[PDB]
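These notes concern the structure reproduced below.
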Amino acid sequence: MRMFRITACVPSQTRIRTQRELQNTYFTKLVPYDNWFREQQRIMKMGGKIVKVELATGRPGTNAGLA
Amino acid sequence: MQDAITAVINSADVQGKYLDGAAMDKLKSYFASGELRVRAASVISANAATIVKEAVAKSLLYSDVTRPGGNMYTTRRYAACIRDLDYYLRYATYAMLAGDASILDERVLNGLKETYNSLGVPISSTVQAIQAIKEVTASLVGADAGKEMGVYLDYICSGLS
Amino acid sequence: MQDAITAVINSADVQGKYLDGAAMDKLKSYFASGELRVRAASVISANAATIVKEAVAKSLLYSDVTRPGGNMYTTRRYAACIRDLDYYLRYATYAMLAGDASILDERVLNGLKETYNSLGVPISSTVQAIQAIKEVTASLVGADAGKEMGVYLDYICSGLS
Amino acid sequence: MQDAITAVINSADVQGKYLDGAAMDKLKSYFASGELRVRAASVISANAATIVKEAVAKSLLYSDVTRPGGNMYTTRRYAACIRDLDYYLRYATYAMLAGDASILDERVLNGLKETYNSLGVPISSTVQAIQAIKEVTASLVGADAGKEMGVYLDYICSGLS
Amino acid sequence: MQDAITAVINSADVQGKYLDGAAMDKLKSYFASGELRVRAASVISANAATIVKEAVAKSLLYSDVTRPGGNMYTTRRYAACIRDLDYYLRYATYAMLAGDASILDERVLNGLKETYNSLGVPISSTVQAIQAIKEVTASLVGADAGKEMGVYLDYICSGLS
Amino acid sequence: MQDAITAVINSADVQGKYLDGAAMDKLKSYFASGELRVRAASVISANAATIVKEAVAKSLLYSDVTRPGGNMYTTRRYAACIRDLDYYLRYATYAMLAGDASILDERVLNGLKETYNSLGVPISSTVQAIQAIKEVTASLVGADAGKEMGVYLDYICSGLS
Amino acid sequence: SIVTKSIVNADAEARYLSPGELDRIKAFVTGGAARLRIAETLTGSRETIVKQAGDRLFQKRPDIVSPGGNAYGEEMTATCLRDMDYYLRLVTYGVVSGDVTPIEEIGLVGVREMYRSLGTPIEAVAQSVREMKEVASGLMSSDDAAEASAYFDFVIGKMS
Amino acid sequence: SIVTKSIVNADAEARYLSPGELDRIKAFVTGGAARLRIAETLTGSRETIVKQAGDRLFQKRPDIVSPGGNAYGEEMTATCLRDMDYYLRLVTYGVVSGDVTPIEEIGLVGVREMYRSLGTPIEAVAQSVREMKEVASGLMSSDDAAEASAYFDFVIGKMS
Amino acid sequence: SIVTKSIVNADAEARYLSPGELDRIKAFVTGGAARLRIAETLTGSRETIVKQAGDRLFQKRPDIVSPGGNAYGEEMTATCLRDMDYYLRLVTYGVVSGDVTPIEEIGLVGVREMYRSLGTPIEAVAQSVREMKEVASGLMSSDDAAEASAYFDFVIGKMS
Amino acid sequence: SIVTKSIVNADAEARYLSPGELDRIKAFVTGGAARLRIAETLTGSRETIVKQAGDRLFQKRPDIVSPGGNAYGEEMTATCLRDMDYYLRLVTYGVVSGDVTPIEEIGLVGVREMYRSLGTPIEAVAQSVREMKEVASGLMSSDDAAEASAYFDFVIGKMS
Amino acid sequence: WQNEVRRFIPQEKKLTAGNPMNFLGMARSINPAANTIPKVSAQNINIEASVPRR
Amino acid sequence: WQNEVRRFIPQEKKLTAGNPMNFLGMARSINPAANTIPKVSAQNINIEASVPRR
Ligand SMILES: *[C@@H](C)[C@H]1/C(=C/c2[nH]c(/C=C3N=C(/C=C4\NC(=O)C(CC)=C4C)C(C)=C\3CCC(=O)O)c(CCC(=O)O)c2C)NC(=O)[C@@H]1C
Ligand SMILES: *[C@@H](C)[C@H]1/C(=C/c2[nH]c(/C=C3N=C(/C=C4\NC(=O)C(CC)=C4C)C(C)=C\3CCC(=O)O)c(CCC(=O)O)c2C)NC(=O)[C@@H]1C
Ligand SMILES: *[C@@H](C)[C@H]1/C(=C/c2[nH]c(/C=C3N=C(/C=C4\NC(=O)C(CC)=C4C)C(C)=C\3CCC(=O)O)c(CCC(=O)O)c2C)NC(=O)[C@@H]1C
Ligand SMILES: *[C@H](C)[C@H]1/C(=C/c2[nH]c(/C=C3N=C(/C=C4\NC(=O)C(CC)=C4C)C(C)=C\3CCC(=O)O)c(CCC(=O)O)c2C)NC(=O)[C@@H]1C
Ligand SMILES: *[C@H](C)[C@H]1/C(=C/c2[nH]c(/C=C3N=C(/C=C4\NC(=O)C(CC)=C4C)C(C)=C\3CCC(=O)O)c(CCC(=O)O)c2C)NC(=O)[C@@H]1C
Ligand SMILES: *[C@H](C)[C@H]1/C(=C/c2[nH]c(/C=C3N=C(/C=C4\NC(=O)C(CC)=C4C)C(C)=C\3CCC(=O)O)c(CCC(=O)O)c2C)NC(=O)[C@@H]1C
Ligand SMILES: *[C@H](C)[C@H]1/C(=C/c2[nH]c(/C=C3N=C(/C=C4\NC(=O)C(CC)=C4C)C(C)=C\3CCC(=O)O)c(CCC(=O)O)c2C)NC(=O)[C@@H]1C
Ligand SMILES: *[C@H](C)[C@H]1/C(=C/c2[nH]c(/C=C3N=C(/C=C4\NC(=O)C(CC)=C4C)C(C)=C\3CCC(=O)O)c(CCC(=O)O)c2C)NC(=O)[C@@H]1C
């Protein structure tokens with residue numbers, strides 16, 4: 001469904017958490033296409049930086065046949 | 001309440017014309033029903049206690065409902081259930097004479113579910129009682145009158161459940 | 001309503017059996033408590049005006065509700081308040097004689113919440129009033145009879161809360 | 001929510017016309033009051049811990065709820081009651097700055113009585129805590145500025161009763 | 001939910017038997033209904049918004065509901081009104097394709113009356129808007145599919161009113 | 001949720017006093033029973049599925065509830081019933097570990113009566129299935145540990161009745 | 001229950017319990033040992049009282065057991081003895097409670113309507129509980145026979 | 001039914017039915033008569049098809065009827081044939097409905113939990129209904145055998 | 001394609017295709033030659049379709065091409081008829097696909113926001129594709145015009 | 001190991017490995033001689049107990065050694081004894097670890113899907129572990145057998 | 001090698017107090033004496049004086 | 001000349017759909033070939049090469 005494989009670093013700007021938080025601080029995850037705009041916006045609201053993002057799933061420039 | 005004849009009269013009157021051909025053949029259907037309905041009412045009013053008697057004997061008697069613990073237990077509750085089934089049979093006979101279930105959903109079903117939930121009356125056991133009345137009426141009045149009586153009794157079942 | 005021995009009888013009746021040894025043991029427990037219940041009922045019936053007098057003096061007087069515009073104002077409402085606490089103490093005496101709190105949620109708590117909501121009655125002020133009755137009766141009659149009276153009075157409080 | 005000025009706008013929009021002279025007079029009355037409302041809101045926001053501190057001290061300490069087993073016992077519940085009174089004072093300040101008691105039944109009193117009834121929170125103790133709040137606030141910001149605080153804290157009392 | 005075919009499958013399955021001729025006749029009846037419902041749903045899905053906009057233009061436009069004071073004036077709640085009518089036309093087409101009104105009282109009529117009572121939505125005006133949808137649909141698709149859509153929209157009206 | 005130890009702690013907390021000798025020897029009774037409860041926990045956790053298997057075999061197999069029309073008919077309803085017995089056995093093991101029925105009060109019996117009434121679940125057959133679980137675990141884990149498991153399963157039965 | 005009856009009367013008169021009702025409750029609460037002894041006597045002799053009274057009833061009225069009768073077969077006779085056990089249990093409940101209110105609430109309101117619906121001769125049910133009273137008074141001590149016969153008397157009077 | 005699965009899909013996707021989907025309920029209602037023929041021939045020949053299927057299972061897997069087995073007994077073979085007839089009922093309901101929805105809604109959801117509560121081999125009951133498929137292809141006409149055996153392929157693939 | 005819709009549904013429910021869905025694929029690969037013939041007729045006679053549909057669209061709604069409008073001028077009518085050719089080619093793509101998902105993912109996702117940024121009345125484009133299906137049914141065979149009007153019908157529904 | 005489990009439980013709620021588990025670690029490292037004695041006893045007598053356990057397993061369920069069964073052939077029976085030896089070695093690994101997590105990590109996650117794919121009766125595998133538990137309890141000395149019984153009962157409970 | 005095969009009937013439902021099956025054996029032990037068939041034909045009876053009169 | 005006694009017991013029960021009573025007779029007519037008890041010693045199988053070794 002033309003998913004993105006992204007990786008990003010999201011720090012905690014307001015709380016000093018005592019549990020382990022690599023898994024939601026620096027993480028690699030698969031995000032779908034229609035969710036990726038909202039997800040990238042949400043990272044940039046939270047203050048994290050998108051380290052890298054590539055199109056692991058699907059083919060760029062496909063006019064049709066993406067569902 | 002209303003029957004089928006006043007139903008088509010009111011349906012003509014609400015749009016404000018006289019009796020048209022749909023009213024004509026609806027009245028012809030009701031008059032053709034006619035004799036069968038009045039004969040079924042005559043035989044039900046004849047053996048009125050018989051259907052409720054062996055209906056309770058077929059469905060309710062000798063079970064955990066009429067054993068201690070159940071809701072048919074104690075004589076006051078037994079007489080109340082006999083009264084309820086006489087109510088249901090009388091009002092089903094009235095709806096059978098009418099040709100419409102207006103007396104059913106306008107004299108019986110409103111408030112009945114919530115008052116039975118307040119009294120703890122078993123809805124499924126009342127449904128099986130109504131099915132027993134349906135079977136004994138089908139055995140006593142015939143086939144066509146029996147099945148339209150069954151339509152009115154399981155309308156009571158569908159409203160109550 | 002239901003007292004302790006009728007509760008034993010109905011508990012045997014729902015399972016259909018007779019009264020066995022444990023039923024007779026509960027009956028003898030109630031028969032042992034009956035002396036205390038009778039003497040506490042006689043004391044409360046003798047002094048019943050003084051209890052509600054002391055309770056209203058301890059918990060209701062010289063407050064915002066009896067300052068003008070409140071619900072304890074307008075002497076008709078004060079007399080209705082004294083009548084209400086007299087009703088609470090009398091039905092608590094009934095439940096103390098009974099040994100079961102069925103009269104409390106049959107003939108008192110039935111609709112009492114929405115009665116007080118429709119009349120604008122302060123619920124926790126009433127709860128404080130019945131608690132005032134609770135330590136007045138506890139100081140009046142003793143620790144064990146006062147304990148039983150406290151059980152039924154804060155049953156009234158929990159139903160009213 | 002709504003304030004006095006949007007109440008004027010909504011009352012204009014219900015009848016469907018523009019703002020007439022009486023609407024302008026009500027708006028100018030609000031603009032005249034707004035300086036006093038802003039000054040009182042600044043004073044209450046500056047001293048808001050002291051109002052709830054002195055109010056709990058004069059109405060809630062050394063009581064049956066504060067003794068163990070009561071609702072004011074268990075420091076978690078104690079600080080939750082403090083936070084509740086902070087919420088009441090802050091939303092009353094919102095209502096005094098607004099000029100309409102719509103924020104109370106849109107953001108405070110919506111389900112609050114059901115919350116306290118399910119939570120076992122003493123209604124009259126909360127009401128007398130609100131009375132202590134409005135007495136301390138009226139002593140702090142004066143009689144004329146404390147009049148509106150009395151309006152909205154008594155509106156909280158009337159909604160919660 | 002359940003359609004006509006699944007309805008007769010469950011009516012066989014409650015006794016646990018295979019399908020007999022009393023299932024065969026009504027099952028072939030639903031197959032005979034068939035293509036009519038298919039093409040009716042096709043043309044409704046063609047001009048899907050168009051029945052809605054003629055229905056509002058014929059019934060709800062230029063009246064007291066779109067005038068201020070009425071519960072359809074302002075763009076947000078008129079948006080909610082046309083979203084509701086899109087929902088009703090879509091789910092009536094759903095019931096027409098299914099051949100049973102189970103989707104209506106499973107997906108539409110559950111809690112709709114009480115949430116409209118909470119929102120102050122005009123029940124009679126919504127019923128009249130559904131009548132407008134019915135008459136535009138009957139003028140569009142014909143007589144038999146028109147009265148199929150009519151009986152499902154009248155089921156919606158009877159449940160909502 | 002609370003076990004016997006924290007139930008003692010919370011009762012003494014509401015009493016506002018320290019642990020008297022009743023608290024101490026109730027705690028000693030729990031400390032005596034703890035080894036028995038751990039051994040019964042190990043046995044039931046080993047034989048969790050087989051207890052339900054033999055209980056449903058000796059209670060409600062080849063009966064009318066497993067017949068079509070019965071509520072254990074269809075694989076969905078059958079597996080839901082098996083998961084229900086698994087829930088009852090696991091929560092009875094939890095209550096047997098705790099020495100208190102608060103987990104059954106708040107996590108099992110809360111809403112279960114009206115849930116089963118909405119679903120049409122046969123209460124008496126469910127109760128005798130729990131009785132079959134009681135007999136199987138009494139034959140399996142011993143007499144005294146089986147007696148505590150039996151009184152907790154009978155608490156589930158009385159809550160469901 | 002006598003406590004329930006006195007509470008009902010005091011609630012109807014809107015007053016506390018009178019000293020007469022209160023020391024009647026005292027007298028009952030002291031003397032209940034004899035009444036529970038009567039109840040244990042009836043519970044121990046449950047089967048033989050019903051058996052002998054059923055035999056005596058079918059001797060006195062053989063047309064409830066004849067063809068055309070209400071209780072014809074052996075199963076119908078078992079239902080007759082089941083009703084006898086029901087009313088013996090109610091008499092035991094009344095002896096224990098000290099008042100006829102449980103008997104009224106369970107098995108005497110609408111009994112005429114129930115036996116009208118069942119076709120059962122209620123005068124023969126009155127004869128049945130009369131013979132149960134006779135057998136119980138035969139195998140019971142005389143003061144205890146009078147104490148149980150008060151409640152048996154009430155059941156006979158409300159059936160007939 | 002195919003209409004109820006398509007309409008649940010459209011209801012979830014917040015749209016009207018796609019014209020391809022209306023074309024396929026159109027195809028189903030035009031071709032429905034052969035499905036009724038399948039249903040009536042299976043209802044006519046239910047006992048012999050289940051006879052041959054059970055007999056060939058008992059030939060192929062003797063461990064099922066071996067001592068110690070779940071289906072060892074005469075009783076146990078009878079309730080195995082009960083399950084056989086239940087799945088035959090589900091296949092008739094499915095070929096009437098035009099979809100896999102009644103089979104999954106009645107006899108496939110939770111069936112692994114049921115059969116592991118009972119200890120029965122799910123691969124063996126899948127082999128049983130596969131044998132129902134092969135004897136149905138032997139007994140019934142070839143063109144409708146495609147649809148009937150295909151729904152059988154569904155239930156053996158979903159069950160195994 | 002319809003195989004793409006069926007394979008998306010089957011992957012969503014996480015097993016192989018139900019025989020209802022293989023029936024979908026089977027009837028599609030029987031009717032694909034007819035669908036290709038219909039699309040070839042529309043491709044061959046495409047020019048009269050767009051030209052006559054645009055002319056009768058201008059006859060029905062002259063406000064669109066009135067001066068100051070979006071479509072006023074020979075340049076703007078050329079761009080509008082290019083849009084007409086785009087939509088007609090997309091409906092032929094839907095015909096050869098067997099579903100409406102290429103129609104959605106090329107021209108129906110974001111079309112409302114597209115024409116709102118362009119200032120184009122989507123109700124006028126809906127009338128335009130109504131005249132498209134009218135001219136196509138006029139010069140196409142009736143059974144062929146049934147499915148052609150079904151796919152144009154989806155275009156009208158999603159874009160109106 | 002029990003140290004690993006205590007570390008995991010402390011890390012889950014971010015503790016510093018409280019004395020309430022550190023005394024258990026102390027008791028484990030002091031009393032490890034008894035569990036090493038248990039392990040060397042099981043390792044020395046590993047073949048006798050697995051042969052007797054297979055004997056009682058085939059006594060209770062001779063389906064698998066019947067010609068239709070899964071363990072038929074004397075090679076699949078050898079595979080049965082090999083898998084039971086695997087589970088015995090897992091039990092020894094657990095009794096030297098102190099908890100259930102090595103048996104969980106090696107042989108209980110996905111064992112249901114494994115034996116579903118292999119077609120074996122997992123309830124009969126659980127019965128084999130039950131018989132191995134009983135033979136090991138007979139061979140071992142009372143409280144040592146009760147100590148190993150926790151690990152065995154874990155294997156049966158997660159197997160069934 | 002013995003095998004435990006169950007039955008088509010379930011476990012028997014435990015007989016309770018209100019069910020008259022527990023009194024069937026006591027009704028048999030009574031064995032109540034029925035009445036003989038009465039040989040009256042009622043055609044020979046005459047309703048003018050056989051009705052009593054006091 | 002009899003009164004039909006009110007046989008409340010569900011004796012002579014019509015064997016409805018779903019019972020194994022409807023398949024007991026066909027189980028008799030099938031008469032399945034129950035396999036013999038195999039003689040496997042399970043004591044002399046050396047599990048080093050009898051296990052498949054492919
Ligand atoms: C001297 C004049 C007499 C007297 C008076 C007395 N009264 C009280 C106490 C109360 N009186 C009231 C009265 C009213 N409530 C109403 O709603 C109205 C009409 C508008 C009236 C008149 C109330 C409510 C009280 C209770 C206390 C309160 O103020 O709320 C007292 C005090 C009794 C005490 O011990 O607290 C007295 C002394 N007493 C006499 O002896 C003179 C005859
Ligand atoms: C000397 C030790 C310090 C000190 C104490 C102090 N505390 C209070 C008042 C209160 N303390 C509590 C405490 C609790 N509520 C709970 O639910 C629990 C957990 C069991 C605790 C510990 C409460 C409720 C009060 C309110 C009054 C009451 O008596 O209940 C005071 C009195 C303050 C006043 O002005 O009334 C004092 C003096 N003060 C110090 O300076 C020392 C550091
Ligand atoms: C022979 C190939 C098979 C066999 C079967 C077998 N079945 C049972 C018992 C039961 N089967 C069911 C199944 C259903 N209930 C339903 O409602 C439906 C349709 C939706 C089905 C298919 C159930 C509930 C039972 C339990 C009792 C009952 O018959 O209702 C047994 C008996 C197990 C026992 O311990 O008694 C057997 C042996 N054996 C096999 O190996 C094949 C799977
Ligand atoms: C301290 C030696 C020097 C340093 C530290 C510093 N750390 C952070 C914040 C983070 N630290 C971590 C590391 C971990 N998170 C875990 O969960 C674990 C294991 C359990 C480790 C080892 C992470 C992920 C963060 C970011 C998220 C967070 O704040 O928790 C910061 C803040 C960076 C920021 O810009 O917010 C700093 C500065 N820097 C120094 O100068 C010290 C010498
Ligand atoms: C005029 C600048 C342009 C325009 C206007 C136009 N409007 C309508 C009709 C309606 N407009 C509304 C919208 C509103 N409802 C409200 O409550 C408010 C303010 C809070 C607005 C703005 C509604 C509901 C209607 C329908 C009539 C009614 O009162 O319900 C029309 C008529 C369309 C018709 O078919 O009747 C028109 C023409 N259109 C233009 O082209 C001008 C650029
Ligand atoms: C329009 C026909 C008339 C009308 C309606 C009206 N509706 C709302 C808002 C809501 N309507 C619903 C109801 C539904 N939820 C569903 O899921 C379905 C179909 C299954 C229905 C029918 C709900 C939940 C709302 C609230 C959420 C929302 O706005 O979408 C309003 C707005 C109320 C408000 O002002 O807050 C109105 C006015 N009223 C009329 O006068 C028209 C005749
Ligand atoms: C089995 C003894 C009898 C019975 C069972 C039955 N149960 C359901 C479904 C539900 N069971 C519950 C119960 C609980 N859920 C919880 O979370 C807890 C406590 C932790 C309990 C006790 C609930 C909520 C349901 C509904 C949710 C669901 O769908 O599973 C069913 C299914 C009803 C249906 O319509 O599918 C059945 C049949 N019924 C019997 O006849 C057995 C005797
Ligand atoms: C025997 C001396 C007489 C008589 C008996 C007879 N009784 C029945 C049937 C029933 N009797 C009852 C009675 C009660 N239900 C209650 O709750 C109570 C109070 C605790 C009583 C007394 C009921 C309910 C029945 C119906 C069957 C049932 O057990 O539920 C019959 C059977 C009639 C039939 O048609 O089946 C008979 C014959 N008949 C006589 O002739 C004697 C006078």
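We count ligands from 1, going down the list as the structure has it; atoms in each ligand are counted the same way. Labels below follow one simple rule: chain letters A, B, ... track the order of the sequence lines, proteins then strands, and each chain is numbered from 1.
For the residue pair G:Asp55 / G:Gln59, a side-chain donor-acceptor distance below 3.5 Å is found, with atom types taken as modelled. Judged purely by distance below 3.5 Å, without hydrogens or angles, the side chains of L:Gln2 and L:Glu4 pair a donor atom with an acceptor atom.
When each atom of ligand 8 is checked for a heavy atom of G:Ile106 under 4.0 Å away, the hits are 20 (C). Those atoms of ligand 1 with a heavy atom of C:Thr75 less than 4.0 angstrom away are 16 (C), 17 (O), 18 (C), 19 (C). Close contacts between ligand 1 and C:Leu61 involve ligand atoms 26 (C) [criterion: under 4.0 Å to a heavy atom].
For atom 3 (C) of ligand 1, the protein comes within 4.0 Å by no heavy atom at all. Distance remark: protein heavy atom not present below 4.0 angstrom from atom 32 (C) of ligand 4. Inside a 4.0 Å radius of atom 24 (C) of ligand 1 there is at least one protein heavy atom. Protein non-hydrogen atoms do reach within 4.0 Å of atom 34 (C) of ligand 1. In this structure, atom 16 (C) of ligand 4 has protein heavy atoms in its sub-4.0 angstrom surroundings. There is no protein heavy atom less than 4.0 angstrom from atom 35 (O) of ligand 4. Using a 4.0 Å threshold on non-hydrogen atoms, atom 6 (C) of ligand 1 does not count as touching the protein. Put simply, atom 11 (N) of ligand 1 has no protein non-hydrogen atoms near it, under 4.0 Å away. Protein heavy atoms all stay at least 4.0 Å away from atom 39 (N) of ligand 4. Distance check on atom 16 (C) of ligand 1: some protein heavy atom falls below the 4.0 Å cut-off. Distance remark: protein heavy atom present below 4.0 angstrom from atom 19 (C) of ligand 1. Shown here, atom 30 (O) of ligand 1 is in close reach of the protein: a heavy atom of it lies under 4.0 Å off. For atom 27 (C) of ligand 4, a protein heavy-atom neighbour is present inside the 4.0 Å cut-off.
The shortest heavy-atom distance from L:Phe8 to ligand 8 is not under 4.0 Å. Contact annotation: G:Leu57 has at least one heavy atom less than 4.0 Å from an atom of ligand 8. Under a 4.0 angstrom heavy-atom cut-off, B:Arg77 registers as lying outside contact with ligand 8. Put simply, no part of G:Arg61 is less than 4.0 Å from ligand 8, judged by heavy atoms. G:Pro121 counts as a contact of ligand 8, since one of its heavy atoms falls under 4.0 Å from the ligand.
Here the closest heavy-atom approach between residue B:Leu60 and residue B:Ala129 is recorded as CD2-CB, 3.7 Å. Smallest separation of non-hydrogen atoms from G:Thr77 and G:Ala71: OG1-O, 4.1 Å. In plain terms, the two heavy atoms of C:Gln2 and C:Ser102 that are nearest each other are O-OG, 2.7 Å. Scanning both residues, G:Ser97 and G:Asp99, for their nearest heavy atoms gives OG-O, 2.7 Å. The two residues A:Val53 and A:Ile50 make their nearest non-hydrogen contact at CG1-CG2, 3.8 Å.
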Under the side-chain hydrogen bond (donor to acceptor under 3.5 Å, both in side chains) criterion, do B:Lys134 and B:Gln131 qualify, and how do the steps go?
-> CA-CA 5 Å; B:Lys134 181 181 78 176; B:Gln131 296 293 313; 2.8 Å; yes
Evaluate side chain to side chain contact (heavy atoms under 4.5 Å, CB included) for G:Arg35 paired with G:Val96, printing each intermediate quantity in order.
-> CA-CA 6 Å; G:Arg35 265 78 56 85; G:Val96 152; 6.0 Å; no
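For ligand 1, none of its N or O atoms has an N or O atom of C:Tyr78 under 3.5 Å away. Ligand 8 has no nitrogen or oxygen under 3.5 angstrom from a nitrogen or oxygen of G:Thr79. On a distance-only criterion, G:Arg89 and ligand 8 share no N/O pair closer than 3.5 Å. Looking at C:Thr66 next to ligand 1, an N or O pair under 3.5 Å apart turns up. For ligand 8, the polar-atom distance check against G:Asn70 finds a nitrogen or oxygen pair separated by under 3.5 Å. At least one N or O atom of B:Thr74 sits closer than 3.5 Å to an N or O atom of ligand 8.
Taking each of G:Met76, G:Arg82, B:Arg67 in turn, the one with a heavy atom nearest to atom 12 (C) of ligand 8 proves to be G:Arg82. Counting heavy atoms only, G:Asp83 comes closest to atom 5 (C) of ligand 8 of the residues B:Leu61, B:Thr75, G:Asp83.
Protein heavy atom at the shortest distance from atom 18 (C) of ligand 8 is G:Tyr86 CD1, 3.6 Å. Among all protein heavy atoms, the one lying closest to atom 32 (C) of ligand 1 is C:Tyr62 OH, 3.3 Å. At the top of the distance list for atom 13 (C) of ligand 4, counting protein heavy atoms only, stands A:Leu22 CD2, 4.7 Å.
Rounding to the nearest 0.5 angstrom, the gap separating the CD1 atom in B:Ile51 from the NZ atom in B:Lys53 is 12.0 Å.
Just one residue in the list G:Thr43, G:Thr92, G:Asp85 forms a side-chain hydrogen bond (donor to acceptor under 3.5 Å, both in side chains) with C:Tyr18, and that residue is G:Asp85.
Salt bridge absent: D:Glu135 and D:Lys58 never bring a charged side-chain N and a carboxylate O closer than 4.0 Å.
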